[PDB]
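Sequential numbering from 1 along the given sequence is applied to the chain's residues. The analysis underlying the following values was restricted to heavy atoms, covering all of them including side chains, and did not include hydrogens, waters or symmetry mates.
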Amino acid sequence: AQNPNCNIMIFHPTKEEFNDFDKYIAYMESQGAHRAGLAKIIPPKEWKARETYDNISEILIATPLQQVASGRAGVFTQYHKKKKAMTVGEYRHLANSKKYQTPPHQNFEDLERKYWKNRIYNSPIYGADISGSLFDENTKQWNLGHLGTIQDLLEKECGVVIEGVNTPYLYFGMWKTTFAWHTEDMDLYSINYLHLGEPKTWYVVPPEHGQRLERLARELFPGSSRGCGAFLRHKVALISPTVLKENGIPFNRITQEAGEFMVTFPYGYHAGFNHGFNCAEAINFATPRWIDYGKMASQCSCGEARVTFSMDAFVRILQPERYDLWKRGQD
Ligand SMILES: O=C(O)CNC(=O)C(=O)O
Ligand SMILES: [Mg+2]
Ligand code: NI
Ligand SMILES: [Zn+2]
């Protein structure tokens with residue numbers, strides 16, 4: 001069995017290997033990359049996502065989210081307070097202000113220590129989940145706006161044509177902006193490209209050990225657990241690496257820098273934080289190996305998780321017994 005310790009693998013494809021996205025994902029899996037839940041892909045040196053980032057300041061962040069924390073430094077929840085719209089240029093200035101800017105630090109490990117010690121005492125503002133793309137239309141390789149759609153994968157694998165679309169989303173981050181512990185909708189893959197700016201630190205639990213994380217989370221968030229049998233679908237809970245280590249949960253960590261892709265694999269729980277002003281782009285995708293994970297994915301039916309239009313068909317076709325109850329949560 002390849003990669004039996006479930007380490008995060010880093011890949012350096014040549015320009016020739018960067019032509020066929022599906023084929024390269026399958027190659028990474030042949031080497032055991034999926035066992036970690038997360039892989040890093042460094043694009044060939046010839047490749048670029050677009051020519052410059054000099055003209056992005058007029059993108060609108062219609063609903064910036066202030067991420068307010070409750071709990072203790074290593075075990076907390078966050079809620080998202082909606083703020084007034086602002087442009088990317090306004091947001092960048094805000095991120096760089098004395099109130100929100102990255103502190104002085106020695107290296108990524110020192111910054112990680114400062115994040116875990118101090119995150120809860122601040123409420124950073126995240127421009128998340130903005131439909132759109134920063135890939136140039138002429139970028140032919142690994143262009144996250146030109147991937148094969150999950151609807152077409154389901155149709156190719158299973159023969160059933162379904163409604164729905166699959167488009168990318170932009171994330172504009174600042175110091176301490178946080179992504180809570182989660183898997184993807186329907187336990188899909190994700191791919192994330194860090195277009196510009198400061199790094200993003202990721203934490204991930206191997207898919208084969210995801211239920212260990214879920215059991216800890218039920219212990220650490222006991223009211224939330226009673227409220228919903230899949231409350232990590234709410235994307236609000238944080239647990240630090242120190243706490244994970246104290247409770248014996250297998251995980252790994254890695255820092256993504258600008259110009260790098262990360263791939264999350266089906267049922268790979270992940271969480272993380274941004275080091276400073278940055279912009280990422282991400283989208284879900286599927287392969288034939290995902291289908292069995294989609295069929296088994298948990299679902300939130302309490303009403304909190306509220307998701308996209310396109311998840312309807314996935315539930316309806318892959319999970320017909322759950323469909324009725326899940327849809328009641330959606331309506
Ligand atoms: O970058 C972020 O804030 C969160 N992104 C992801 O969870 C992803 O790409 O799957
Ligand atoms: Mg612009
Ligand atoms: Ni994710
Ligand atoms: Zn729920």
State, yes or no, whether a side-chain contact exists between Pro207 and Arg35 at a heavy-atom distance under 4.5 Å. no

Over all heavy atoms of both residues, which pair between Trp116 and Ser240 is shortest? Give the atoms and the distance, please. CE3-CB, 3.4 Å

Indicate, with yes or no, if the rings of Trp181 and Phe76 have centres closer together than 6.0 Å. no

For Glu16, does the CD atom have more than 12 heavy-atom neighbours from other residues, nucleotides or ligands under 6.0 Å away? yes

Exercise: identify the closest heavy-atom pair between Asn138 and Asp136: N-OD1, 2.7 Å

Between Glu260 (side chain only) and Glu257 (backbone N and O only), is there a donor and an acceptor less than 3.5 Å apart? yes

Taking side chain as C-beta onward, heavy atoms only, is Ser310 less than 4.5 Å from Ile150? no

Does one hydrophobic cluster hold both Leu38 and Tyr293, with members joined at side-chain heavy-atom distances below 4.5 Å? no

Are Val263 and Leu188 co-members of a hydrophobic cluster defined by side-chain heavy atoms under 4.5 Å apart? yes

One should read off an interatomic distance between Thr14 OG1 and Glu46 CD, to the nearest 0.5 angstrom, of 8.5 Å

Quick check: does any side chain N or O of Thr178 sit under 3.5 Å from a backbone N or O of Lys176, one acting as donor and the other as acceptor? yes

Indicate whether any N or O donor in one side chain lies under 3.5 Å from an N or O acceptor in the other, for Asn284 and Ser190. no

Would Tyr323 and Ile317 count as a side chain to side chain contact (heavy atoms under 4.5 Å, CB included) if you check the C-alpha gap in whole Å, the side-chain angles of each, and the deciding distance to 0.1 Å? CA-CA 9 Å; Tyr323 183 68; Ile317 299 311; over 6 Å; no

Does any N or O in the side chain of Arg50 come within less than 3.5 Å of the main-chain N or O of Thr52, such that one atom is a donor and the other an acceptor? yes

Quick one: do the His146 and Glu137 side chains pair a donor with an acceptor below 3.5 Å? no

Basic-acidic side-chain contact under 4.0 Å: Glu163, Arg316: yes

Would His275 and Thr102 count as having a side-chain donor-acceptor pair, cut-off 3.5 Å? no

Return yes if some donor-acceptor pair links the side-chain N/O of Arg233 with the main-chain N/O of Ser298 below 3.5 Å, else return no. yes

Any donor-acceptor pair under 3.5 Å linking the side-chain atoms of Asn278 with those of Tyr171? no

Would you check if there is a donor-acceptor pair between the side chains of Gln101 and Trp175 at a distance under 3.5 Å? no

Nearest atoms (heavy-atom pairs only) where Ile42 meets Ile10: CD1-CG2, 3.8 Å

Does the ring centre of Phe21 sit less than 6.0 Å away from the ring centre of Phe285? yes

Among side-chain atoms of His80 and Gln66, is any donor-acceptor pair under 3.5 angstrom? no

Using a distance-only test with no angle check, is there a side-chain donor-acceptor pair under 3.5 angstrom linking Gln211 and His209? no

According to a 4.5 Å side-chain heavy-atom criterion applied to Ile, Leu, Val, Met, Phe, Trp and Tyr, with indirect links allowed, do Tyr53 and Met174 form part of one hydrophobic cluster? yes

Any side-chain donor-acceptor pair under 3.5 Å between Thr183 and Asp187? yes

Side-chain H-bond candidate by donor/acceptor type, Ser133 with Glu281, under 3.5 Å: yes

Check whether any side-chain heavy atom of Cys228 lies under 4.5 Å from a side-chain heavy atom of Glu304, and answer yes or no. no

Are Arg92 and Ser57 close enough that a side-chain donor and a side-chain acceptor fall under 3.5 Å? yes

If two hydrophobic side chains count as joined below 4.5 Å and joins carry through other members, does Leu216 share a cluster with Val204? no

NE2 (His93) with more than 12 external heavy atoms under 6.0 Å: no

Quick one: do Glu17 and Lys23 make a salt bridge, cutoff under 4.0 Å? no

Would you call the rings of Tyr27 and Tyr24 parallel, tilted or perpendicular, where under 30° means parallel and over 60° means perpendicular? tilted

Spatial distance of atom CD1 (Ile239) from atom CG (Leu244) [nearest 0.5 Å]: 6.0 Å

Aromatic ring proximity, centroids under 6.0 angstrom, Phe265 and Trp290: no

Any luck finding a side-chain donor-acceptor pair between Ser70 and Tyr79 under 3.5 Å? no

Would a line drawn from the ring center of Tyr115 to the ring center of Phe273 be shorter than 6.0 Å? yes

Would you compute the distance between atom CZ of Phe135 and atom CG of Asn143 and round it to the nearest 0.5 angstrom? 6.0 Å

Closest non-hydrogen contact found for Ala305 with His234 is N-CD2, 4.1 Å

Tell me whether the centres of the aromatic rings in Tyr193 and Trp47 are closer together than 6.0 Å. yes

Main-chain N/O of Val88 paired with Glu58 side-chain donor or acceptor, under 3.5 Å: no

Classify the angle between the aromatic ring planes of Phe277 and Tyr91 as parallel (below 30°), tilted (30 to 60°) or perpendicular (above 60°). tilted

Look only at the side chain of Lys40 and the backbone of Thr255, and say whether a donor-acceptor pair between them is shorter than 3.5 Å. yes

With a 6.0 Å cut-off on ring centres, are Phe251 and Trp202 close enough? no

How about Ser131 and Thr167: does a side-chain donor come under 3.5 Å of a side-chain acceptor? no

Where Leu144 and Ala282 come nearest, the two heavy atoms and their spacing: CD1-CA, 4.4 Å

Reported CG-to-OG1 distance for the pair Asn274 and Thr201, which is rounded to 0.5 angstrom: 9.0 Å

Are the side chains of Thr264 and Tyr189 in touch, meaning some heavy atoms are under 4.5 Å apart? no

Residue pair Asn192 / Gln256, side-chain donor-acceptor N/O under 3.5 Å: yes

Do the side chain of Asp152 and the main chain of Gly148 share a donor and acceptor less than 3.5 angstrom apart? no

Under 4.5 Å between side-chain heavy atoms, counting indirect links through other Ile/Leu/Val/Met/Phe/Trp/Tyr residues: same cluster for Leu134 and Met262 or not? no

Rounded to the nearest 0.5 Å, the OG1 atom of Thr287 sits from the CD atom of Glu157 at a distance of 8.0 Å

Could you tell me which non-hydrogen atom of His182 sits nearest to which non-hydrogen atom of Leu232, and how far apart they are? CB-O, 4.2 Å

Flag if over 12 foreign heavy atoms under 6.0 Å of CD, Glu109: no

For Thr177 and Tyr126, indicate whether the former's side chain and the latter's backbone hold a donor-acceptor pair under 3.5 Å. no

Sequence neighbours excluded, the answer for side chain to side chain donor-acceptor pair (under 3.5 Å) partners of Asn19 is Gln141

Side-chain heavy-atom pair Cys300, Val307 within 4.5 angstrom cut-off: no

Just verifying a value: how many Å separate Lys235 NZ and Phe179 CZ, rounded to the nearest 0.5 Å? 11.0 Å

For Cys6, is there any backbone N or O sitting under 3.5 Å from a side-chain donor or acceptor partner on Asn252? yes

Between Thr308 (side chain only) and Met311 (backbone N and O only), is there a donor and an acceptor less than 3.5 Å apart? no

Are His270 and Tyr203 close enough that a side-chain donor and a side-chain acceptor fall under 3.5 Å? no

Do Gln78 and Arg119 get their side chains close enough for a donor-acceptor pair, meaning under 3.5 Å? yes

Would you kindly say whether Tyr269 and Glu214 are connected by a side-chain donor-acceptor distance under 3.5 Å? yes

